[PDB]
Amino acid sequence: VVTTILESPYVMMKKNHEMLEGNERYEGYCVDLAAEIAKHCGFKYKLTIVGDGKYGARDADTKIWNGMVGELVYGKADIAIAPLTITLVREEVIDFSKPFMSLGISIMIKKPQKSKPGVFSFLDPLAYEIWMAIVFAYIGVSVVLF
Amino acid sequence: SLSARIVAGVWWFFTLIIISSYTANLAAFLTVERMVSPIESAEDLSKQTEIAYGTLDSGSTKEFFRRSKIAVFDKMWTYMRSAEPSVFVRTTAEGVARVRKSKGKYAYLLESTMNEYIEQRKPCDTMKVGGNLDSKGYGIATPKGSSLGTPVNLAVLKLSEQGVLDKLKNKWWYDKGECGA
Amino acid sequence: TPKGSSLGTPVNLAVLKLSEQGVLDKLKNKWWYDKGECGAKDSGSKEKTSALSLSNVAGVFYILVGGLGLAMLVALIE
Amino acid sequence: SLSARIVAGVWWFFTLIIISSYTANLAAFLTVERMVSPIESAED
Amino acid sequence: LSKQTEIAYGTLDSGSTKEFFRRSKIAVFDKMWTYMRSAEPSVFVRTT
Amino acid sequence: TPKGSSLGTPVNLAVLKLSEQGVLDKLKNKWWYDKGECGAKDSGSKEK
Ligand SMILES: C=C(C)[C@H]1CN[C@H](C(=O)O)[C@H]1CC(=O)O
Ligand SMILES: C=C(C)[C@H]1CN[C@H](C(=O)O)[C@H]1CC(=O)O
C-alpha cells in the first residue's frame, strides 16, 4: 500500500477518472515514480490518498503523528511516495530513502514584463559608478575650463 | 591658447566615447533581450523593506525561518512575524494568488520545485528569482525497520543514475508546461 | 559507515541536525567563498547586470585626466 | 575660403563615418556577449 | 505552439491530419491532440 | 524486393507503419544530427 497526497504535478486526477478504476486513475510525477519503484523492487501496489490530506506533523498535546507519516508508523500504509520533505523530526520516526529530488527554499515574485519600464534601468545601462565618475569629470573639466 | 583646445578636444573625445558606448550597449540591450528583475537576492529582499513577503502557515519552510540561526533569515523572520494583514497562507495556491493580485506588493517564499511548477503554468506571470536559500530533499518514506526501505532505496539510486528521475522531471515540469521556455 | 554498524544511524541524525540549524551552509561558505582569494564570489551572481562595467570606461577617464594634466602643463607654459 | 571649407567638409564626413563605424562595431561586440554561449551546454 | 495556450490552433474536420494527431503516440502530438480534443469553441474547420 | 517475392507487400506495410510512428524521423535524427561533430547552425559565425 503506497499512500500519497494530491498535488500538481505530483498526483493528478485524469479527466476520465470517473470511468477509470484503481491505480490507473492517478497521473503524476509521483505516480510514474511509484511505477518505477514497483518495477524495480517487484511488488504490486495500491495507490491511496492520505486520509488527513496532510504530509506529516506531531500534535503538540497528544504527540500523535498526522498525515502520511502517521499512515506509515501506525500501519495504514506500507510506503510513502509523495513530495515529502526530509526533516529531523520525521526521520527520527520513520526511515527515509536517499533523496530522489533536490529542492530549496526559494523566492517567487511577479514578473514585471513590458508595462513596467524601470526608468532608472534605462537611465543606467552604464553603472552608477560610471555616473559618479562622469559627474566628477564634468565638474573637474569645468574647473579646468574656468 | 592651445591649452583650451587640448581641454576641449580631449573632453570631446571623452564624451564622444561615452555616448558611443551608451549607444552601442543600448543597442545590445535592445537586441539581446535580457531578463529584467526588481530583486536580486533574498538578502537584498531583507535589506529592502519596500516589498512584503510571506510563507505558508503550517510547513517546514516556516519551521526553517523560525529555528534558523542565520542572520538575514532572522531579520526576515522578524519582519514576517509582526506584519498585518497576516502574511501567512493556508494553501500555496492561495499565497501565489496573493502574489498575482498584488502587482508587486507581495513576494512568496516556497519550495523551489512548487515555485518552478507554478512558473511553468498559465498565465506564467510569476518567476523564481535568486538562488536557493537552503538545501533539502524529498525522499520515499518507509516505516522504521520495515523490509522495503533498503531495496526501494537502491531502486532510487539506480533511477537517479540511469537518468529516469531526471527524464521524468523534465516530463512533468517543463514538457507539460503551459508557457514557453 | 559499514553495513550493520551502530554509528551510521545516529551520525545520520547528526547530519540532519546540523543541516537544519544551518551548520553545513556556514561551513561551505567558510571554506569556499570566505577564504576565497579571488573574492567577489556572490558578486558574480547578485551583481551580474551584464550592461557596462566601469572598468572599461576607466581608461578613457584616465586619458581624460592625463589630457587635463597636459592641459595644466600647457597652461603653465603659456 | 573654399579650399579650407571643402577640407573641413571632407574631414567632417571622414570622422563621421569613423565614429559611426566605432559605434556600430562596439554595438555588435556587445550584442555578441549576451548571446548564450554554445560551449556552455554540455550537449554542444 | 504546443507549449503555449495563448494562440489557439486547429485542423480540418476529417482527413489524414486529424487522424495523424489522433493516432500519434508522440508527446508533442499527443498533447496537441488533447488540447484540440477538449477545446471550446470547437477548433475544427470543415474546409481549407 | 525481387519482383514476385512473398516479402514485397508486408515490407511495404512495414515501411508505412514505420513512417507513421515517426521511427524514421527519430532514427534519422540519431544517425545524422545526433552524431554530428559541429553543433547545429550557429557554430560558423564565431561572433565576428
Ligand atoms: C508543498 C507542501 C505544502 C509541502 C511539501 N513538502 C513540505 C513538507 O514536507 O511539509 C511542504 C512545503 C513546505 O513545508 O514549505
Ligand atoms: C484537404 C483534405 C481534407 C485532405 C487532403 N489530403 C488529406 C487526406 O486525403 O486525408 C486531407 C488533408 C488533411 O487531413 O488535413
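Chains as they are written, first to last, in my numbering: chain A, 1 to 146; chain B, 1 to 181; chain C, 1 to 78; chain D, 1 to 44; chain E, 1 to 48; chain F, 1 to 48.
In this text, a Cβ means the ideal position worked out from N, Cα and C, and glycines have one as well.
- Taken through DSSP and simplified to helix, strand or coil, B:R34 comes out as coil.
- Scanning chain A for C-beta atoms nearer than 8 Å to the C-beta of B:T126 yields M108, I109, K110 and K111, reported in chain order.
- Following the DSSP letters along the chain, one finds E:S16 inside the alpha helix (DSSP H) bounded by residues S16 to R23.
- Considering only A:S106, A:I64, A:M101 and A:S8, the residue with the shortest C-alpha distance to A:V93 is A:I64.
- Neighbours of B:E178 in chain E, taken as residues at a C-beta separation under 8 Å, are given in chain order as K3, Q4 and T5.
- Annotated as proximal: B:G131 and C:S45, with beta-carbon spacing under 8 Å.
- Note that the region 106 to 123 of chain A touches the region 34 to 49 of chain B; at least 3 beta-carbon pairs, one per stretch, sit closer than 8 Å.
- At a cut-off of 8 Å between beta carbons, E:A27 contacts chain B.
- Under the DSSP definition of a beta bridge, A:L123 lacks any partner.
- Sorted by chain position, residues whose beta-carbon lies closer than 5 Å to a non-hydrogen atom of ligand 2 are E:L12, E:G15, E:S16 and E:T17.
- For A:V144, there is no enclosing beta strand (DSSP E); the enclosing alpha helix (DSSP H) covers residues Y128 to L145.
- Listed by position along chain B, the residues whose Cβ is nearer than 7 Å to that of A:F96 are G139 and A141.
- The alpha-carbon separation between D:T15 and B:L16 amounts to approximately 12 Å.
- With a 10 Å radius around the Cβ and a threshold of 16 neighbouring Cβ atoms, A:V11 comes out buried.
- For the region 146 to 178 of chain B, the beta-carbon criterion of a distance under 7 Å to any beta-carbon of chain E is satisfied by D175, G177 and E178.
- Identification of chain D residues near B:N115 by a Cβ-Cβ cut-off of 7 Å yields none; the smallest Cβ-Cβ distance measures about 23 Å.
- Going by beta carbons, A:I79 and B:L148 fall inside the 8 Å limit.
- If you draw a straight line from the Cα of B:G104 to the Cα of A:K116, it is about 11 Å long.
- Its chain contains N66 as the residues whose beta carbon lies nearer than 6 Å to that of A:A57, once the 5 sequence neighbours on both sides are disregarded; these appear in chain order.
- Contacts between B:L2 and chain C, judged by CB atoms closer than 7 Å, involve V74 in chain order.
- Contact with chain A is absent for C:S43, since none of that chain's Cβ atoms lies less than 8 Å from the residue's Cβ.
- In this model, A:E24 and B:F29 are separated by some 50 Å (Cα to Cα).
- Interface residue (Cβ-Cβ distance to chain D less than 8 Å): B:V32 is classified as such.
- Beta-carbon to beta-carbon, A:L103 and B:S112 are separated by about 5 Å, close enough to satisfy the 8 Å threshold.
- Between A:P99 and A:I86, the C-beta spacing is below 8 Å.
- Listed along chain B, no residue sits closer than 8 Å to C:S53 by beta-carbon distance, the nearest being about 10 Å off.
- By the neighbour-count criterion, in which 16 or more other beta carbons inside 10 Å mark a residue as buried, E:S42 falls on the exposed side.
- Look at the region 9 to 20 of chain B: the residues with a C-beta under 8 Å from a C-beta of chain D are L16 and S20.
- The Cβ atoms of A:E129 and C:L64 lie no closer than 8 Å to each other.
- When Cβ-Cβ separations below 8 Å define contact, B:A27 makes contact with chain D.
- As the crow flies, the alpha-carbon of A:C41 is around 10 Å from that of B:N153.
- The region 83 to 112 of chain A contains, as complete alpha helix (DSSP H) runs of 4+ residues, the segments 88 to 93 (chain order).
- Put simply, the backbone Cα of B:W77 is about 11 Å away from that of B:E63.
- Under the 8 Å criterion on CB atoms, A:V144 is classed as interfacial with respect to chain C.
- The three-state secondary structure of A:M13, taken from DSSP, is strand.
- Burial state of E:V28 is exposed, judged by a 10 Å Cβ sphere holding fewer than 16 other Cβ atoms.
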